[PDB]
Amino acid sequence: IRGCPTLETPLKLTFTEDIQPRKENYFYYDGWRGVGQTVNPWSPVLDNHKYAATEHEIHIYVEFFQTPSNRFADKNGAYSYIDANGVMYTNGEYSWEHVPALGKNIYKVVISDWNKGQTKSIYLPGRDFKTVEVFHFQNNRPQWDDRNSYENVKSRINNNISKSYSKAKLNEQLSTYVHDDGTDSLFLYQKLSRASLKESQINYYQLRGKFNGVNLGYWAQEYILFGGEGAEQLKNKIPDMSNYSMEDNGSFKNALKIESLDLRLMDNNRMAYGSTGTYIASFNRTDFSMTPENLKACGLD
């Protein structure tokens with residue numbers, strides 16, 4: 001059989017900032033950059049600068065089962081190769097760093113300057129990965145300077161970042177005698193997993209956090225409260241629940257059909273009299289276009 005997607009077809013990850021400011025009665029809240037007095041153009045409130053982030057970065061760590069096997073590089077970076085020294089050769093905007101101290105066949109890339117409205121896109125060096133982990137960092141938080149310590153970030157993911165928030169906590173008005181709300185630089189963790197070299201599906205896990213809080217006479221707190229597949233379809237809606245999980249889990253079957261895996265960050269309703277913002281970190285597949293008769297022929301139905 002000929003012409004099917006295979007493990008040598010490039011696979012893309014995309015990351016889209018899509019937060020629209022939320023108006024409160026008349027400040028505008030924007031999880032990416034704080035609190036504004038007006039929008040279009042944005043004008044921050046005074047002392048927004050003390051609290052809000054101005055930089056966002058994406059760190060991607062990919063672990064393979066074996067050395068990536070592609071033997072050529074293209075002009076714009078859909079294709080990479082590894083030399084005799086284990087260094088990955090990639091043209092274009094992004095370059096991967098070999099990190100053998102973390103383990104065998106692990107490569108790291110940093111995507112910076114993630115600004116309002118932007119989509120970042122990157123091809124993985126291989127579709128047959130073992131693990132992909134993505135760290136999302138915002139600055140003006142005390143952990144920002146140490147963001148390159150994989151071990152310290154993973155420690156906080158495992159031990160320090162809340163996996164659930166109660167309805168009561170979301171309705172709390174943080175006392176102004178708390179001077180720093182304790183938000184981590186890390187606001188989102190993604191993990192993609194494949195159980196074997198030739199696995200036909202992709203498993204995903206997300207741990208969602210918070211955007212920088214802003215204290216303008218009273219605390220505004222910003223929770224990435226929802227996420228995962230299809231979560232973007234539930235915009236403008238905070239379901240009433242006793243507890244709100246900060247974890248997403250799922251699996252994409254027939255992964256060879258997938259062209260890209262897409263993260264989208266968006267605003268949702270605010271609550272607690274405007275003090276609590278909620279956001280959605282949806283994670284979805286974009287499939288190649290295929291007919292039913294090519295899906296069946298390729299074993300992807």
Side-chain angles (χ1 to χ4, degrees), residues 1 3-19 58-65 68 70 76-80 94 107 109 111 114 117-136 187-208 224-235 237 245-268 279-301:
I1 190 169
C4 295
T6 74
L7 282 174
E8 313 198 272
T9 308
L11 174 64
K12 185 189 294 181
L13 305 179
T14 73
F15 310 91
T16 296
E17 198 286 329
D18 196 22
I19 295 163
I58 309 170
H59 295 208
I60 306 171
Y61 294 78
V62 56
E63 173 181 20
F64 296 95
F65 288 99
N70 203 68
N76 291 317
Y79 293 99
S80 297
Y94 303 123
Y107 293 82
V109 67
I111 302 173
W114 191 12
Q118 290 183 340
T119 294
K120 305 292 186 175
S121 304
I122 187 168
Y123 284 103
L124 289 170
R127 211 175 250 268
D128 55 358
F129 59 85
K130 204 202 161 343
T131 314
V132 176
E133 292 174 291
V134 190
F135 300 151
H136 297 262
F187 65 84
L188 177 64
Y189 168 64
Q190 308 174 264
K191 182 167 75 167
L192 313 180
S193 302
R194 298 174 71 253
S196 65
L197 188 63
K198 303 298 188 178
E199 178 92 340
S200 72
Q201 86 184 358
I202 291 171
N203 286 73
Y204 70 85
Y205 167 81
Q206 303 197 142
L207 179 61
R208 289 171 273 104
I224 309 175
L225 254 203
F226 307 100
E229 311 166 50
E232 82 284 0
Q233 301 297 328
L234 299 175
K235 193 170 167 169
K237 314 122 161 153
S245 173
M246 301 302 279
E247 297 178 297
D248 308 306
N249 289 274
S251 96
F252 297 129
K253 309 286 200 185
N254 299 309
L256 283 178
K257 174 172 171 192
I258 299 171
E259 174 168 359
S260 71
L261 295 169
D262 312 317
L263 171 79
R264 184 181 162 210
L265 302 173
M266 73 208 82
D267 57 295
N268 192 24
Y279 300 81
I280 301 162
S282 66
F283 188 59
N284 287 286
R285 65 195 291 161
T286 292
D287 288 334
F288 295 118
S289 300
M290 295 183 69
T291 64
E293 321 76 290
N294 280 326
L295 283 173
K296 171 179 271 269
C298 292
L300 295 169
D301 49 4

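Just so you know, residue 1 is the first one in the sequence shown, and it goes up from there.
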Asks: Parallel, tilted or perpendicular for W114 and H136, by the 30°/60° rule?
Replies: tilted
Asks: Less than 4.5 Å apart, side chain to side chain, heavy atoms only: is that true for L225 and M246?
Replies: yes
Asks: For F283 and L261, which heavy atoms make the closest approach, and how far apart are they?
Replies: CZ-CB, 3.7 Å
Asks: Just wondering, are more than 12 heavy atoms of other shown residues or ligands nearer than 6.0 Å to CD in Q118?
Replies: yes
Asks: When the aromatic ring centroids of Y79 and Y123 are compared, is their separation below 6.0 Å?
Replies: no
Asks: Check the angle between the aromatic planes of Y205 and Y189 and answer parallel, tilted or perpendicular using the 30° and 60° thresholds.
Replies: perpendicular
Asks: Would you compute the distance between atom CG of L13 and atom CG of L192 and round it to the nearest 0.5 angstrom?
Replies: 6.5 Å
Asks: Shortest non-hydrogen contact from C298 to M290?
Replies: SG-CE, 3.9 Å
Asks: With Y279, which of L188, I224, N268 fulfils side-chain contact (heavy atoms from CB on, under 4.5 Å)?
Replies: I224
Asks: What's the shortest heavy-atom distance between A297 and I1, and which atoms?
Replies: O-CD1, 3.2 Å
Asks: Are the side chains of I111 and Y94 in touch, meaning some heavy atoms are under 4.5 Å apart?
Replies: yes
Asks: Going by the rule ring-ring contact (aromatic ring centres under 6.0 Å, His included), which residues pair with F129 if we only count those two or more places apart in sequence or in a different chain?
Replies: none
Asks: Is the shortest heavy-atom distance from the side chain of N294 to the side chain of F288 under 4.5 Å?
Replies: no
Asks: State the CD-OG distance between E133 and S193, to the nearest 0.5 angstrom.
Replies: 8.0 Å
Asks: Check the surroundings of atom NZ in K296: do more than 12 heavy atoms from other residues, nucleotides or ligands lie under 6.0 Å from it?
Replies: no
Asks: I need the minimum non-hydrogen distance between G230 and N284, along with the two atoms involved.
Replies: N-OD1, 2.9 Å
Asks: Return each pair, listed once, that meets side chain to side chain donor-acceptor pair (under 3.5 Å) where at least one residue sits in residues 252-265; pairs must be two or more places apart or across chains.
Replies: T14-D262, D18-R264, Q201-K253, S260-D262, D262-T286
Asks: Would you say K130 has more than 12 foreign heavy atoms packed within less than 6.0 Å of its NZ?
Replies: no
Asks: Within the structure provided, determine whether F15 and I60 are in side-chain contact (heavy-atom separation under 4.5 Å).
Replies: yes
Asks: Can you find a heavy atom in the side chain of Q206 that is under 4.5 Å from one in the side chain of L263?
Replies: yes
Asks: Kindly compute the distance separating CD (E247) from CG (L207), expressed to the nearest 0.5 Å.
Replies: 6.0 Å
Asks: For residues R208 and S245, report the shortest heavy-atom separation together with the two atoms involved.
Replies: NH2-O, 3.0 Å
Asks: Side-chain contact test, heavy atoms from C-beta onward, threshold under 4.5 Å: evaluate it for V132 versus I202 and give yes or no.
Replies: no
Asks: Side chains of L300 and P5: does their closest heavy-atom pair fall under 4.5 Å?
Replies: yes
Asks: Can you give me the closest heavy-atom contact between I280 and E232, atom names plus distance?
Replies: CG2-N, 4.2 Å
Asks: Measure from the side-chain N and O atoms of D128 to the backbone N and O of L197, and report whether any donor-acceptor pair falls under 3.5 Å.
Replies: no
Asks: Could you pull out all residues at least two apart from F226 that satisfy ring-ring contact (aromatic ring centres under 6.0 Å, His included)?
Replies: none
Asks: What's the separation between atom CG in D301 and atom CD in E293, rounded to the nearest 0.5 Å?
Replies: 11.0 Å
Asks: Out of curiosity, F135 CZ to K191 NZ, how far, rounded to the nearest 0.5 Å?
Replies: 10.5 Å
